[PDB]
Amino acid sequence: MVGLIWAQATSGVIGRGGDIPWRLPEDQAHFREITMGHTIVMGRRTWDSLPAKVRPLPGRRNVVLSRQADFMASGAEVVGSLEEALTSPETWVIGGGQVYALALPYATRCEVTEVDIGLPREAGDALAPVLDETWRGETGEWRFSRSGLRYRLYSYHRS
């Protein structure tokens, strides 16, 4: 069971200048609830942006898609290809927009956090992947973050 997890503005932006243009504690805890105990797969840039206190993320099998034979994520399995990383019953892909895209065909779940934020798309922006017709799921009921923005949740089996 490959799945995808990400948080985006309504515009589809998920990353900007290597960081995130917001910070939702609530969504952090959801991210951890769904991934805890499972294998997590990330591209290099994602890994590098992890604050050292949680490189690797605890209780999870950290896997990094790179292609440098010497990249060596301290506390992570470095892997040259995606399907070379999915040996598991539950695997969550955690970005970035690049890794996401390569993973979407093998995926049956996407857990999507939508942040009510006017964030028009700028060149260079990292975007959430585009889910076609086969992806079904509720449109979560809105919520206030203690940060002051609105957010909601989305989920998609398929097949």
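In case it trips you up, residue 1 is the first one in the sequence shown, and so on. Superpose the two forms; the largest set of C-alphas matching within 1.5 Å is the rigid core.
Stretch comparison, 44 to 52 versus 107 to 115: after rigid core superposition, larger RMS CA deviation in 8 other deposited structures of this protein is found for 44 to 52. Comparing 93 to 101 with 53 to 61 in 8 other deposited structures of this protein, after superposition on the rigid core, the stretch with the greater RMS C-alpha deviation is 53 to 61. The mean Cα B-factor in the deposited entry runs higher for 46 to 54 than for the other of 46 to 54 and 92 to 100.
Per-stretch averaging of Cα B factors for 19 to 27 and 132 to 140 places 132 to 140 on top. The residue among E114, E33, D70, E122 whose C-alpha atom has the highest B-factor in the PDB entry is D70. When the modelled residues of the chain are ordered by their C-alpha B factor, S66 lands in the highest third. In the deposited entry, the Cα temperature factor of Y154 sits in the middle third of values across the chain's modelled residues.
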